[PDB]
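Heads up, the chain below is alone and in the form deposited in one PDB entry; it's given as structure tokens.
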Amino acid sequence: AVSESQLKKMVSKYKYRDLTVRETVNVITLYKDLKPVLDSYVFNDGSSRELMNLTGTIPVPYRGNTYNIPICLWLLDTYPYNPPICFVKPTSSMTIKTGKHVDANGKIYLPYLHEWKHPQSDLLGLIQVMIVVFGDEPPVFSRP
């Protein structure tokens, strides 16, 4: 994976670095296709900041098969006290299936994010929710 020393260096400007690093470790230890990456987040204001996101796939059972659903979770620099900004990340070969929990840009909406409160709310709990919702209604299509 990535080490915690590397994670601590990557999120060095975060307000709650040890908590963010611990939750990230737990996620990438469990979901080995999620990778931590530093990238520029384009805010609504127009400003931009360098934030860590978790990007990759999570395993989702759907009607007799397990699908690798591509996602992106952005951690704000006040993580874990504000929720991540979450997207499904379809490849060039994929479409986004919109619905109650997913808009046309791939942004995800869930009661868990709206209701987010630390420490009862965390990235592992969130991913469990995504696995249930996407298991009911896959947010990405790839064939007719």
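Numbers follow the displayed sequence, beginning with 1.
What follows is about the form deposited with a partner chain bound, which we do not show.
The closest non-hydrogen atom of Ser3 lies beyond 4.5 Å of its partner chain in the deposited bound form. Of the heavy atoms in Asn68, some are within 4.5 Å of its partner chain in the deposited bound form. Its partner chain in the deposited bound form is not approached by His118, whose heavy atoms all lie more than 4.5 angstroms from it. At a distance threshold of 4.5 angstroms between non-hydrogen atoms, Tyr62 is in contact with its partner chain in the deposited bound form. Note on contacts: among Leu113, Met94, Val27, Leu76, the single residue with a heavy atom within 4.5 Å of its partner chain in the deposited bound form is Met94.
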